[PDB]
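By convention in this document, chain letters (A, B, ...) are assigned in the order of the sequence lines, proteins followed by strands, and residues within each chain are numbered from 1. Only this structure's heavy atoms are used, side chains among them; waters, hydrogens and symmetry mates stay out.
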Amino acid sequence: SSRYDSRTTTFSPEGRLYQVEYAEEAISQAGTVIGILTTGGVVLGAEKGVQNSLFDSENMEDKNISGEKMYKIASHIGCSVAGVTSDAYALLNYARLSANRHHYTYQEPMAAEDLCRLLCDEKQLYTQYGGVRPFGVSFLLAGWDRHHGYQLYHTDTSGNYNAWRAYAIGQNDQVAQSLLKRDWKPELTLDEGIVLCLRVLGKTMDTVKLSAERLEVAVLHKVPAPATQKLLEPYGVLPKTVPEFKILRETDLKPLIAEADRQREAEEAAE
Amino acid sequence: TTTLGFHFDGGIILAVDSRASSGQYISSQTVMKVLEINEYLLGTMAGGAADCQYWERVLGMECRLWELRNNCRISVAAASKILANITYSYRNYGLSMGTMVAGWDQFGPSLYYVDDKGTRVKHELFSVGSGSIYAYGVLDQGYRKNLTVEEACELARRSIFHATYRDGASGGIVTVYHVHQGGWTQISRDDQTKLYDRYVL
Amino acid sequence: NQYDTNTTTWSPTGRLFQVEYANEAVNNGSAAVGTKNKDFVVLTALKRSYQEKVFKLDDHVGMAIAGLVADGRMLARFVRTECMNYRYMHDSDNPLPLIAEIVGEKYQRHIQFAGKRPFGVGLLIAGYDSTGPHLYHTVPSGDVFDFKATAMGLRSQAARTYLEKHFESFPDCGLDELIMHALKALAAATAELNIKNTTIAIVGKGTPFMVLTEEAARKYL
Amino acid sequence: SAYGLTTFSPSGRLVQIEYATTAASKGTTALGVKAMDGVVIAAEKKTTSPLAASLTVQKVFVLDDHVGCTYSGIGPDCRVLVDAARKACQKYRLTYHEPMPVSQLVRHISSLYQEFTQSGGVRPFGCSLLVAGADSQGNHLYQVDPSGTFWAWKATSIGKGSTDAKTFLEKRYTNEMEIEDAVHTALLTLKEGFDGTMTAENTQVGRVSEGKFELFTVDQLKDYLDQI
Amino acid sequence: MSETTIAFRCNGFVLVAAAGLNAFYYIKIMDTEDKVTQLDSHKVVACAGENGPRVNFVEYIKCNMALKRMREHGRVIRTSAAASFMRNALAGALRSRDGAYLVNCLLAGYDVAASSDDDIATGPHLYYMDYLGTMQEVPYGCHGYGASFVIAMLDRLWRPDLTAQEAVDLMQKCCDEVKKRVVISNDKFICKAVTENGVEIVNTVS
Amino acid sequence: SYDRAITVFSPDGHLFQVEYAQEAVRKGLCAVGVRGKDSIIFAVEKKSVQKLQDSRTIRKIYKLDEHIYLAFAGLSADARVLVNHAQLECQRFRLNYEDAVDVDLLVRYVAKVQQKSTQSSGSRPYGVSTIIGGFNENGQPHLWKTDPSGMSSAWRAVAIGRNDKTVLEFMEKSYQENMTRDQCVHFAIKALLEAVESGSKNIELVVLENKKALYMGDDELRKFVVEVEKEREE
Amino acid sequence: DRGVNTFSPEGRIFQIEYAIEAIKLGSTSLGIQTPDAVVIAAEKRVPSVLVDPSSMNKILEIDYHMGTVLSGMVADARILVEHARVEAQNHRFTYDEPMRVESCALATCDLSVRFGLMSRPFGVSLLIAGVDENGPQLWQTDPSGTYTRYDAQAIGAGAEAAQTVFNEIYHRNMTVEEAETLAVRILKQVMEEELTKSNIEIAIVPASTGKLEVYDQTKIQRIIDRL
Amino acid sequence: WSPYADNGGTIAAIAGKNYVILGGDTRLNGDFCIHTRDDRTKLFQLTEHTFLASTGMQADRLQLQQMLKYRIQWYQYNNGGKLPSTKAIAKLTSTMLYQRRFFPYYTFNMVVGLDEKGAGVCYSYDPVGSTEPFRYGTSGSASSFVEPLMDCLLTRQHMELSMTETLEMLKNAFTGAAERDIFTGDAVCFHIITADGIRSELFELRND
Amino acid sequence: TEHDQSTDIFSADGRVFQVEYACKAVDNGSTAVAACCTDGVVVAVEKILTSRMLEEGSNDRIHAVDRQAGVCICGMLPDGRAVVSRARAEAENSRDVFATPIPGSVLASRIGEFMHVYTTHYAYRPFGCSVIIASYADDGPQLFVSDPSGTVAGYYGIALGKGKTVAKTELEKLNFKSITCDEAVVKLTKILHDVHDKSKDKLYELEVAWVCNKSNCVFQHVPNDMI
């Protein structure tokens, strides 16, 4: 039986780990995913596959927890994935469990960089111990915390992570990264960020008009705090605004898609 | 049993008696109650002889390994901490132990008390054992920081003597040690009955 | 050769090659001899910078080894432990036939499973119990032979040739002639024999297992 | 044995998952249609010979009183998923005293498929499932594949005759069908791809309606086959 | 209850005091042990109990807080999060094999903004805890045989707008009443303030 | 539980898994340490300058305790695991001995973890080399290096990662005993720019002094780089 | 390809033969026994002038009466020496006396052979030198777990050369001065660099006192000059 | 049912400049009865220079004698065939008794032999293993008689012997103990230990 | 031809080659014969000696496993000895737990089961012995054979090893209903002397055992005078 072992955790002759490189190639074949840091939040956008007529809704009771491509981890952290879908669900459960245990132990929210570092350690482990293939997933993570404010991280198949003002993973990521390097600026609003995201997905998909059925958009932003029950919690103190992860619907995108088509028709005119 | 130690300008004095009693029959009059752990540290035993002797030998083994691996002497604070962790881990298992640990390291002379429940305290003066309640009487009358070595040895000797004369569980031979910068010295051994003849005047 | 790598692979002619190769470790060790008469057993060994080749296993039994010394030591610790338990439970000497059986059985467990390596060592075990003197030879395959005289190691065919001429006369020999026949057999597998490169060990009736000192061995060398 | 059997290859592919998916796509044909007030699933059960007893062959399974499934591919592999699914439904009732939602049951199943694509010493499952059921959010039909991926559908098919069946359903499907018109449509779609004569003995049918899942008996199915 | 501990918070500080006594049955060994331990730049805990459990409990909390600090870019942790971790360690131990840590604590801290994104309300906080794992935010609190005398005094005299000078005076009256009325001798107190500038010893109280 | 033997000897005494790990280290970004009279400098090359990178850069020099820092070269994800082990050991030592850990003793613990990874069944070696520096409780500075085999040694100045052998020849000539905090910062920047291209935002730097640590800001660093770029023209 | 437990056709275990090759690529180490004392010495071999030579000791203390010099893989050697130290202190704990040199050699060999658990043998040989009731002794341990007593021995790259110098000059009856000198001679010959006083290590254990002494730089130079 | 029984009787030893003399009585007592008058299990030879002597429960001294005999055998196999000294065995014994702290041997033990200079020595232990070196010792049912007598005749604090004279003092001490302790009687086995070897002798006591 | 490297793999034709190879070791070993009379069972085997200096009883191939039952080993003797131990344990279990002497048919089926399990798993190899089992408990006289595949059968007479084809011919000219245990010993020994090949194996002896009424249903070696 040992002669049929493929030796997944063994170095090869230039200090390379071949399974880790091959899993990275799988990512580069997946649906494109974009992230943008603004002054009002983080935007995450994804291309969906071609839309068959016989597809159905799960009809879930709360609509801002999961789409096809975007998932909530905690009230202040959301993500988007590229790669092997069932592998993403296994790591998403691990992250959900980690972030909510921290809140059990300290009664405060987990820091964004800390959650990212736990997730990446779970990937590193499978490259060093235990004789099986690594995970074939890459995440963009969006978060808010009191230490550094809005953040956008990316994780890769080796268990490395980095921080970004804008980024792209999946299929046409060199094209998308070139357009973002031109049109990103430090003084963007949340709505200007959403338009800049729809135009970049517009270009990589290669359609003149943006289908509202082939896109998905989520935001991590701050909204007015709710109740403040000082009768039931006499020493409870909330702030004015709390983070929220929201998945935009077809009735919130309609005006923002218009603004993205006008800027597309005034960029085809100058040429 | 009676043991005491204090810290003065010239180092640390330790002194002990030598009897072992159940509570009626006297099993020995020649127990050594100061343990020479190595050549820069001392311990004392009160409580169970076997417990103090075994775990002080363990601590001497840990000190010598430290010295081999790090090429320098362990501090008194660390040595005493190793012993207090052990006693704490066995705090539900019924040891009986009341030790002092003394030495002179790079921060100067240090004296600690360590017991069977994990207690560990640093202070300038202690007495331990059933005779302690007599020795503190004489010692608190004579103790000051500016004693000479000869005066400090006398004060320690006279204090153990007065405990031996009133406590049934203390007696035998009175021994005095001096902990200084160069390590430690045994100053004296005297039968408590010869001392009676020198102090009754 | 596609069949010579693991202990768990039979070849197409019904052989086990890894076990034949462990048996070559023994045949390239330094030579050792054993002989017995009605009431003694003698072992001799070439020990040339002194290298330990003979080991006491209990009051009534010892052995010589050939091949890998670290495997020798692992078997010595096992047999020692077994003899100590037997005496604890019975207050008497562990019978030699039962020692030879548990050793054989321990060798065999190491030739049938992929997570174990064969022992690369041969033993001559000598002892004396209630049924008299015994001499056994054990090898890496797990076989155990009960002998009147034998030799193992490098050039031990010459020693075996010498013993085939004389062995039928050994029952009537005394302890002194028996020791001499054992050194002349070891000499045939060889510089000459001094008190600094040769071990002599004895066990028997009224004699606990012992190794001669250099004083006592002078009388014969 | 404790090393992995499924591994990445130079272009990023996991080939054992594709090969397992090829085994699923060579099984016999199953399908499913969601109406506005229930769901129907159906499958072919042809035997190799008339010496086999038809009655005992099962292609449609009850998982609990509100949900059931069918499969294409390797049957003995499906039994392992059906046992795990049954157990999960009962464990959910013990903890919350209500029926496990179909969304949660599908996710449970999907994570069991994902483990056999990564753990040591095992190959992936060689079957796809269709799961159909009813809960508080309505009636649902899902598909799960050997990768562990799952999708919600209005109508679909798996197995050999699955491309022609999906083209035929795309034409005839409407958002306003009643349950009884769906049973008709499902049985008509099977008949197209069927090699030979469809009988009530060589086909099997299950239905969700009024919040319950039920297998048709042979007799019930005969009434529906005499109308089509 | 052989050692008394006292604390109270006012608008820009928390004062914390504890008795120095170490005893062996009826003998005083020393009366100058410091039991008001500093956990980080703006936090202290005062603990009552035998030396063994007290020291082993505060070193465990200090270690975990230092670890958490460096896996977080060295940022000061909030007082409510430290309180939550302590309570969870006390309650955990109660249902463990080794048994409860027999210690009673008062935890005090001053919260300060991490960064410019931080929307935390800055201020002093004080939490009462017991050996079982009970935990309650309070304006003032006490442990030990002296506790009941001091609590009644503070119900009578404490206000939130005491100045620093009025507060030091009020803490001296509290300590004097413990010496007056409790049979067990608590002769020396050590007191510390926690403020926006950190932790300092108050030398005029004893 | 996978328990295959991964690191084995081959016919001329080589351990190939350990040499391959040493090749991953030489592909890694360059890192430098320099011991002065009363300071230790650590300087590291960064991946590259981009418009899209976030200004708050992720740190690649780690704190292990108040008085000890670590830089590395090789696989960044393996290094994070080693940093985590060393942080726990520093706190385990305080819990057991009360004192703060000495630097040489923490270096031995780390080297032993690396050595074990080369002999344990079921796991490959860490592809990482480390530089570790700190001050004891008597103000004396230490600087150590470890490799993937577990071999440790003390240095006055040292370099690891790509073009280590070039930077080490430069440093062999120019190094002087007893340098100032500013003379050390100069020397370290200079040594790095033998390998690296520019000196803009492709250097991070830490200055460690007895009881104070500083991640250098962009403004103070720009000043030191221009001063060094001027002297390289001469 | 072929496993860790495999025997070759002439009856050797392959991984043990290869581990012995790795030792012949080491720095050179040696020892000489006289009736007065035992002497051990090693080529240091530092990689650059920027290294503190203190930190690269090839001679370690096990206990007051015994010391070791190592050859081959340094990090593997530190595991063995930690085991020898722990055994020598367990013997004092239990029996209130120093451990014999031969017993300490034996204990180190019982660790060195537990592979098949560890993935591979240790690539290390030690020379152990000490004094007990049988006088000054010198033992060698090797990756096969065999231990052997010697009168003079060398290990490493210059080993084969140094056994020709020993087969000429070494007699069982020399003095401390003649052995100290024979040591620094053999080193000079088989080395690569030029022999300074901060580029080698020497130590002695004498029957007289029975303690181990590591020579300073000052005292080494007196032995270079006497050449 | 208890796991403990006291089987009675007495041991004593006296050291000289180059000998030690050691004695144990031979009666084994049950509950309100006598099992035998010729038990030889109180003295147990460990080497040619070292003995163990024990009182208390007979089944526990049988276990302790065997545990020591096996640790001493392992010491020879790991040390070139050589035997441990009297001082080495005395420290081993202390360590073995303390390792059973939590279900202790019900035994009062002595180790006696010659030291390295060739002089006699006696080590006496409490049941968890504290001890010290001394010139004489006793334990068992008559030990509170015999011990004050040895203090009187050998140290003389209120006021060099031959082998022969020392043996006469012990004969007289056992004769007195047999008259006044109900659990000591029948006979004493004496061993005289010198560098040469070990002489033995049996001495009769009162049978009631 | 990778299909013949482990016992856990079928070949394309439905065979397990490692088990066939193990059977070839039995077919090259020394010959054994056995016969079931009306009184009992007799077994006899040829021992090939490797030296003229062996003691008597060395490398015995026949072993008692209970008062009333015995085993004879063909092929590799140390493998056979592992089966003898297992069989001893099953016979003891039957006495201790069920208070019966193990019936012959049950003993043979447990031995078969044990041997079969080593033909199923990548980490073990098949045994290289066949076992003859001879028993006389409450189910009468019984003779069985178990081979390396774990297949088990009952016989009136049987031969194994390299002389088996000829030996079988001669067992077919016996009358099994009529023969006694004293006649059997003479006939069986004759067959073994006749098939012995004098060129290849020069030194040999015979070993013989029985269980019958004469012996009180005790399994034992025949006294050396009856040959």
Side-chain angles (χ1 to χ4, degrees), chain A residues 14-15, chain F residues 19 21-36 39-49 60-62 69-76 79 107 127-133 141-149 151-208 216 221 224-234, chain G residues 46-53 55-56:
Chain A
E14 270 106 51
Chain F
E19 299 168 348
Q22 184 59 63
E23 283 267 284
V25 168
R26 285 193 286 268
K27 278 173 169 185
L29 299 169
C30 182
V32 157
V34 178
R35 199 188 79 201
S39 83
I40 290 159
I41 317 307
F42 303 81
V44 191
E45 157 181 20
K46 301 159 68 72
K47 288 156 97 283
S48 275
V49 168
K60 291 305 187 163
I61 297 159
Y62 295 95
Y69 285 68
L70 180 148
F72 74 92
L75 306 190
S76 35
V107 168
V128 167
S129 186
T130 60
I131 298 181
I132 293 174
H142 289 113
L143 176 75
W144 288 82
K145 177 177 82 128
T146 72
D147 77 292
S149 71
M151 188 39 201
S152 49
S153 43
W155 298 67
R156 290 175 214 118
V158 69
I160 59 171
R162 70 196 183 198
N163 306 303
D164 60 70
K165 203 199 166 182
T166 299
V167 173
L168 215 43
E169 271 160 50
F170 173 99
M171 282 182 343
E172 272 157 12
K173 306 307 201 312
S174 318
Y175 181 81
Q176 330 159 302
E177 255 63 50
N178 298 304
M179 276 193 301
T180 349
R181 180 273 196 202
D182 286 52
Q183 226 162 69
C184 276
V185 176
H186 187 86
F187 182 83
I189 305 271
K190 194 175 177 185
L192 255 199
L193 297 179
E194 298 290 308
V196 183
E197 178 208 298
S198 78
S200 172
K201 300 174 182 174
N202 63 355
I203 294 196
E204 79 167 288
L205 203 142
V206 166
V207 179
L208 184 70
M216 219 155 78
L221 180 57
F224 273 108
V225 168
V226 191
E227 179 191 62
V228 162
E229 210 86 15
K230 206 271 187 183
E231 189 178 293
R232 290 291 293 289
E233 278 278 50
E234 224 162 288
Chain G
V46 307
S48 74
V49 303
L50 296 170
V51 171
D52 294 26
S55 79
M56 281 208 125

*If every non-hydrogen atom of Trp144(F) is compared with every non-hydrogen atom of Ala154(F), which pair is closest and at what distance?*
CE3-N, 3.7 Å
_Side chains of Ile203(F) and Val44(F) in contact at under 4.5 Å (non-hydrogen atoms)_ = no
*Whether over 12 other heavy atoms sit under 6.0 Å from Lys27(F) NZ*: yes
Return all side-chain donor-acceptor pairs below 3.5 angstrom for residues 157-176 of chain F, not counting sequence neighbours, or 'none' if the list is empty.
from: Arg162(F); atom 1: NH2; to: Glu45(F); atom 2: OE2; distance (Å): 2.7
from: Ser174(F); atom 1: OG; to: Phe170(F); atom 2: O; distance (Å): 3.3
from: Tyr175(F); atom 1: OH; to: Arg35(F); atom 2: O; distance (Å): 2.8

*Partners passing side chain to side chain donor-acceptor pair (under 3.5 Å) against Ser76(F) (at least two apart in sequence or in another chain)*: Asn160(A)
*Side chains of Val34(F) and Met179(F): does their closest heavy-atom pair fall under 4.5 Å?*
yes
*Would you indicate whether the side-chain heavy atoms of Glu204(F) and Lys60(F) approach each other to under 4.5 Å?*
yes
_Pairs flagged by salt bridge (charged side-chain N to carboxylate O under 4.0 Å, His left out) wherever residues 184-196 of chain F is involved - sequence neighbours left out_ = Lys190(F)-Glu231(F), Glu194(F)-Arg232(F)
_For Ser198(F), all residues meeting side-chain contact (heavy atoms from CB on, under 4.5 Å), sequence neighbours excluded_ = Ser200(F), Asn202(F)
*asked:* Looking at every non-hydrogen atom in both residues, tell me the closest pair between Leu193(F) and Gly199(F) and how far apart they are.
replied: CD2-CA, 4.2 Å
_For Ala79(F), all residues meeting side-chain contact (heavy atoms from CB on, under 4.5 Å), sequence neighbours excluded_ = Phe72(F), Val128(F)
*Under 3.5 Å, is there a donor-acceptor pair between the side chain of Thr180(F) and the main chain of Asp182(F)?*
no
*asked:* Between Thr146(F) and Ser152(F) (side chain of the first, backbone of the second, donor and acceptor by atom type, cut-off under 3.5 Å), is there such a pair?
replied: no
*Sequence-distant partners of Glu233(F), side-chain contact (heavy atoms from CB on, under 4.5 Å), two or more places apart*: none
